[PDB]
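I have placed the structure first, in the form of structure tokens, so that the comments after it can refer back to it.
Naming: A, B, ... by sequence-line order, numbering from 1 per chain. Side chains are part of it too, since the values below use all heavy atoms of this structure and drop only hydrogens, waters and symmetry mates.
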Amino acid sequence: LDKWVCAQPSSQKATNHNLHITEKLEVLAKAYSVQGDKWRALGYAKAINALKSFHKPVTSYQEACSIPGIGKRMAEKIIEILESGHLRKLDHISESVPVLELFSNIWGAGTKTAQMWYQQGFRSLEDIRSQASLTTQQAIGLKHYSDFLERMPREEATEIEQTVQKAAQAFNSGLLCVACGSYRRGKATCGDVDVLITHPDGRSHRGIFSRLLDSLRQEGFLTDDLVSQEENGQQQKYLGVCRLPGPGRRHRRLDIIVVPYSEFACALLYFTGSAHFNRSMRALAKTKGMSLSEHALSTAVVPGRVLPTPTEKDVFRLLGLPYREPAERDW
DNA sequence: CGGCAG
DNA sequence: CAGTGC
DNA sequence: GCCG
DNA sequence: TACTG
Ligand SMILES: O=c1ccn([C@H]2C[C@H](O)[C@@H](COP(=O)(O)NP(=O)(O)OP(=O)(O)O)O2)c(=O)[nH]1
Ligand SMILES: [Cl-]
Ligand SMILES: [Cl-]
Ligand SMILES: [Cl-]
Ligand SMILES: [Cl-]
Ligand SMILES: [Mg+2]
Ligand SMILES: [Mg+2]
Ligand code: NA
Ligand code: NA
């Protein structure tokens, strides 16, 4: 369990004894990510968490290699920074990376789109606005480019959650609404608000998006939709943009999912995160012949068995993990 | 050598 | 499906 | 990038 | 893992 971040409190990272190392590695990791080398970036992300949580300053090649998530190549970089204070590869990152970062921060444009735009000769958001072909989503992303990069005070996330909850409970008073993501992990600021909705009777959650969305639109609260499949009635999620009433308010990202009560624990676990916490826990489940989704914990296929998970604590227990409160899942 | 969450 | 984001 |  | 196109 030394080797599984989901087995450890994320508060281990609050005493990073290797900042001069991890601040340099983070630059490389972001360069690989925006260029599309996702697996190399993932290795970097895991090495950075390992270094942030290590109990002391790493001082030797041998000590570094012993750390899970750190191998020979990462160790060599560590000892280059220890000895010289610098990491030479930082001076040799593709010059396209700033522009690729600029472009892939458009919601709906990832690395493939950003690289295409870069190859077409675009270098600024002015170039994108006037010359790029944009999807409906990307055009909304561009319109809200600064908004979507800003994080809101958690107090504002509460007001957003309460807006959604009151609209939902107006037409069914038994609905349960919970803000998840970084809000539930206790962060001071939130990139968006992640609202989970269910009904304890097991069945009244069905067909509420149409009524909820109409209610939120009648108020003027929703200002743009990113993902909202409203035509076939099987809608699990809404992704969009809202703005609280009155002066001094910014457009804020809002994600909503509705789930049947029988799946509450796994959905709450998924939506609280963090993302790397989830991937660790899911990877841990797989090694044990299980599978963890936002819907259920189940055994491996042939159709597997669905394991009983009435609360989040049961998922931890079934994977042999000590329980972590949301604030300790912030990997 | 291949996965790396689902 | 590939690409994208949660 | 790292891991088994 | 659920959307788009
Ligand atoms: O790749 C992902 C992204 C998110 N998730 C889950 C965990 C995450 O906390 C939750 C909400 O996604 P967000 O993008 O909103 N991330 P988070 O709320 O943790 O941080 P913030 O919204 O403040 O950036 O969905 C994943 O499982 N995998
Ligand atoms: Cl009612
Ligand atoms: Cl892990
Ligand atoms: Cl079995
Ligand atoms: Cl629970
Ligand atoms: Mg969030
Ligand atoms: Mg979100
Ligand atoms: Na190691
Ligand atoms: Na993007």
Side-chain angles (χ1 to χ4, degrees), chain A residues 4-6 25-26 28-29 31-51 64-71 74-78 103-116 133-141 148 180-182 190-196 209 225-230 235-240 253-259 263 266-267 269-287 290-298 300-301 304 319 331:
Chain A
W4 295 101
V5 305
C6 62
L25 291 184
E26 279 165 2
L28 264 175
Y32 288 134
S33 185
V34 306
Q35 286 178 98
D37 195 349
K38 58 169 178 299
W39 298 135
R40 190 170 254 101
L42 182 67
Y44 268 81
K46 298 189 163 183
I48 286 156
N49 269 343
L51 285 168
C65 291
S66 68
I67 298 173
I70 306 287
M74 206 61 74
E76 281 173 70
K77 310 178 201 294
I78 290 177
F103 289 170
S104 62
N105 281 340
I106 295 173
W107 206 99
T111 178
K112 295 298 183 177
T113 302
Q115 290 268 34
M116 184 189 68
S133 208
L134 300 171
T135 67
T136 298
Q137 297 178 335
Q138 294 162 355
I140 294 161
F148 289 0
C180 300
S182 57
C190 309
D192 75 346
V193 187
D194 303 294
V195 179
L196 185 165
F209 264 126
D225 300 345
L226 294 165
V227 178
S228 184
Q229 201 307 289
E230 301 177 44
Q235 185 172 9
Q236 301 188 52
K237 56 176 164 157
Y238 171 85
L239 309 205
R253 280 272 296 104
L254 169 67
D255 293 348
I256 301 165
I257 65 176
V258 182
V259 303
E263 300 178 5
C266 288
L269 199 61
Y270 155 68
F271 221 22
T272 298
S274 74
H276 285 299
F277 172 85
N278 287 351
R279 298 168 74 154
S280 179
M281 189 179 249
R282 293 172 176 200
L284 173 64
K286 191 180 253 211
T287 72
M290 291 169 182
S291 191
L292 181 59
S293 74
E294 55 194 67
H295 302 293
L297 180 65
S298 63
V301 295
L319 301 172
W331 287 100

Side-chain donor/acceptor contact of A/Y44 with base of D/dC2 under 3.5 Å: no
A/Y270: partners by side chain to side chain donor-acceptor pair (under 3.5 Å), with sequence neighbours left out: none
Sugar-phosphate, base or nothing in reach of A/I106, heavy atoms under 4.0 Å: sugar-phosphate
Value in whole Å for how far the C1' atom of C/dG5 lies from CZ of A/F103: 20 Å
Protein-nucleotide distance (A/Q138, atom CD; E/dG5, atom P), rounded to Å: 10 Å
Pair A/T135-A/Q137, side-chain donor/acceptor within less than 3.5 Å: no
Atom-pair distance (CG on A/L254; P on C/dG5), nearest Å: 18 Å
Spacing between A/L284 atom CG and B/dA5 atom P, to the nearest angstrom: 13 Å
Counter-base of B/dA5, judged by Watson-Crick or G-U geometry with both distances under 3.5 Å: none
Phosphate-side-chain proximity, A/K286 and B/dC4, N/O vs OP1/OP2 below 4.0 Å: yes
C/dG5 and B/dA5, which share atom name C1', separated by this distance in whole Å: 14 Å
Given E/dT1, B/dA5, E/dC3, the nucleotide with the shortest approach to the side chain of A/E294: E/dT1
Touch class at under 4.0 angstrom, heavy-atom based, for A/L292 against every strand present: sugar-phosphate
Stepwise side-chain contact (heavy atoms from CB on, under 4.5 Å) test for A/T111 and A/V34: CA-CA 6 Å; A/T111 178; A/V34 306; 6.0 Å; no
Nucleotide nearest A/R282 (side chain, heavy atoms from C-beta), chosen from B/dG6, E/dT4, E/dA2: B/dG6
B/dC1 to C/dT4 separation - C1' atoms, rounded to the nearest Å: 29 Å
Verdict with reasoning, A/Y44 to A/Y32, per ring-ring contact (aromatic ring centres under 6.0 Å, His included): CA-CA 9 Å; A/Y44 268 81; A/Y32 288 134; 5.3 Å; yes
Same-atom distance (P) from B/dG6 to E/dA2, integer angstrom: 13 Å
Side-chain donor/acceptor of A/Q35 to backbone N/O of A/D37, under 3.5 Å: no
Nearest-Å distance for atom pair CZ/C1', residues A/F271 and B/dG6: 15 Å
Listed partners of A/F103 passing ring-ring contact (aromatic ring centres under 6.0 Å, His included), at least two apart: A/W117
Touch class at under 4.0 angstrom, heavy-atom based, for A/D255 against every strand present: sugar-phosphate
Euclidean distance, atom NZ of residue A/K237 to atom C1' of C/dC6 [Å, nearest integer]: 6 Å
Sugar-phosphate only, base, or nothing, as touched by A/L226 at under 4.0 Å among non-hydrogen atoms: nothing
Proximal nucleotide (of E/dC3, D/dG1, C/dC6) relative to the A/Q236 side chain: E/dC3
Candidates C/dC6, B/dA5, E/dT1 - which lies nearest the side chain of A/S293: E/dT1
Side-chain N or O of A/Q229 closer than 4.0 Å to phosphate OP1/OP2 of E/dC3: no
Distance below 4.0 Å between A/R253 side-chain N/O and C/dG5 OP1 or OP2: no
Whole-Å distance separating the CG atom of A/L196 from the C1' atom of C/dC6: 13 Å
Check: A/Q236 side chain, A/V258 main-chain N or O, donor-acceptor pair, under 3.5 Å: no
Outcome for C/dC1 when its sugar is typed by the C1'-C2'-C3'-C4' torsion: north
Close residues, residues 107-114 of chain A, relative to DNA chain C [heavy-atom separation under 4.0 Å]: A/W107, A/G108, A/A109, A/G110, A/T111, A/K112, A/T113
Test applied, side-chain contact (heavy atoms from CB on, under 4.5 Å); reference residue, A/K46; option that passes from A/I48, A/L42, A/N49: A/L42
A/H295 side chain near E/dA2 phosphate (N/O to OP1/OP2, under 4.0 Å): yes
Nucleotide of D/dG1, C/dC6, E/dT4 approaching A/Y270 most closely (side-chain heavy atoms): C/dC6
Value in whole Å for how far the P atom of E/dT4 lies from CG of A/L239: 10 Å
side-chain contact (heavy atoms from CB on, under 4.5 Å) between A/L51 and A/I78, worked out: CA-CA 10 Å; A/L51 285 168; A/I78 290 177; 3.9 Å; yes
